[PDB]
Amino acid sequence: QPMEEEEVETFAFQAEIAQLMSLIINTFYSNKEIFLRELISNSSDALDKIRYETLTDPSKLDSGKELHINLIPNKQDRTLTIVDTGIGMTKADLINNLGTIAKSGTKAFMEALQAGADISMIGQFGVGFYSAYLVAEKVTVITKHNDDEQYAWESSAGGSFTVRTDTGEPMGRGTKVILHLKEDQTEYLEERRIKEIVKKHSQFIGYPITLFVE
Ligand SMILES: CCc1cc(-c2n[nH]c(C(=O)O)c2-c2ccc3c(c2)OCO3)c(O)cc1O
């Protein structure tokens, strides 16, 4: 019965990243499906990192040996979750990688979009994670690194994000991205569509990808 207390840290995004987010959110783009390719590619990069780091430190895998990616659509709560057993991120990694630090690609990318370039180019500018906002109104990133506790990052955009120690289900190690889909983007919860886009854009990821249906 005692009330629980939870500490939260709210951070403002870096100015151009915030501009980029408004651009992605309030502009119509037709090839939205590449958001999934970008997430799986981020997961593949993180899996590569724990993989190589373990060659020289097998203990690094005590937090989990499987190196893979799971996709979990949930039609009830309208979320598409992408989980990987990659190296994860510490709290500081989270805060720096997801918002507070300027990326040199942002401006060039925003200018390129203003010129009508395809949103698919986004990964080439180092800000592919933000493509999640093409289909999600809110994004929650839960991550666990061997050197730190499990944290949850969350943002509905609007210029800021929060970080807090995660009270949710523990992960051994890795990063889980939960996309709360916009209502007109529920196609990405359909198994056929997900298989279609993973086959089209991610046929070559070198880690198993498993789609869990129901
Ligand atoms: C939210 C972006 C994202 C990041 C990771 C991830 N986990 N650990 C790490 C790490 O570099 O240590 C990452 C990571 C960090 C930055 C990246 C990245 C993966 O891909 C492009 O930019 C991940 O595994 C999945 C993701 O979707």
Output the number of the condition that residue 73 fails; it satisfies all remaining conditions of (1) in a strand (DSSP E or B); (2) within 14 Å of residue 208 (Cα to Cα); (3) more than 11 Å from the ligand (Cβ to nearest atom).
-> (2)
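Each row is one residue, and each column tells you yes or no for (1) under 19 Å from residue 182 (Cβ atoms); (2) loosely packed, with under 12 Cβ neighbours inside 10 Å; (3) touching a helix residue (DSSP H, G or I) at 6+ places or on another chain (Cβ under 7 Å).
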{"position": "8", "(1), (2), (3)": "no, yes, no"}
{"position": "11", "(1), (2), (3)": "no, no, yes"}
{"position": "16", "(1), (2), (3)": "no, no, yes"}
{"position": "38", "(1), (2), (3)": "yes, no, yes"}
{"position": "59", "(1), (2), (3)": "no, yes, no"}
{"position": "76", "(1), (2), (3)": "yes, yes, no"}
{"position": "82", "(1), (2), (3)": "yes, no, yes"}
{"position": "91", "(1), (2), (3)": "no, no, no"}
Only one residue in 205, 194 is surrounded by 15 or more Cβ atoms within 10 Å (Cβ to Cβ) and in a helix (DSSP H, G or I), so which one is that?
-> 194
Of (1) of a type in the set (A, V, I, L, M); (2) buried (at least 16 other Cβ atoms within 10 Å of the Cβ); (3) touching a residue at least 60 places away in the same chain (Cβ under 8 Å), residue 139 satisfies all except one. Which?
-> (3)
All but one of (1) out of contact with any strand residue (DSSP E or B) (no Cβ under 6 Å at 6 or more places or on another chain); (2) surrounded by fewer than 21 Cβ atoms within 10 Å (Cβ to Cβ) hold for residue 133; which doesn't?
-> (2)
Quick one: is residue 67 in contact (Cβ under 8 Å) with a residue 24 or more places away in the chain and part of a loop (DSSP other than H, G, I, E, B)?
-> yes
Scan of the range 166-201 for residues that are among the polar types (S, T, N, Q) and under 26 Å from residue 146 (Cβ atoms), ordered by number | 167, 175
Filter the range 90-124 down to residues that are more than 16 Å from the ligand (Cβ to nearest atom) and either not in a helix (DSSP H, G or I) or not basic (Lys, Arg) (or both), then give me how many there are.
-> 11
Restricting the first residue to the range 41-58 and requiring it to be in contact (Cβ under 8 Å) with a residue 12 or more places away in the chain, which pairs with a second residue that is in a helix (DSSP H, G or I) and within 12 Å of the ligand (Cβ to nearest atom) meet a Cβ separation below 7 Å and a spacing of at least six or different chains?
-> 41/123; 41/128; 42/128; 42/129
For the range 51-69, does any single residue satisfy the condition of being within 12 Å of the ligand (Cβ to nearest atom), in contact with a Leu (Cβ under 7 Å, 6 or more places away or on another chain) and within 26 Å of residue 158 (Cβ to Cβ)?
-> no
When residues of the range 11-41 are limited to those that are of a type in the set (S, T, N, Q) and either assigned to a helix (DSSP H, G or I) or more than 18 Å from residue 112 (Cα to Cα) (or both), the one farthest from the ligand (Cβ to nearest atom) = 26
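Here Cβ is always computed from backbone atoms with ideal geometry, including for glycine, and neighbour counts include all displayed protein chains. Read the figures in this text as sums done on the coordinates, not as results from a lab.
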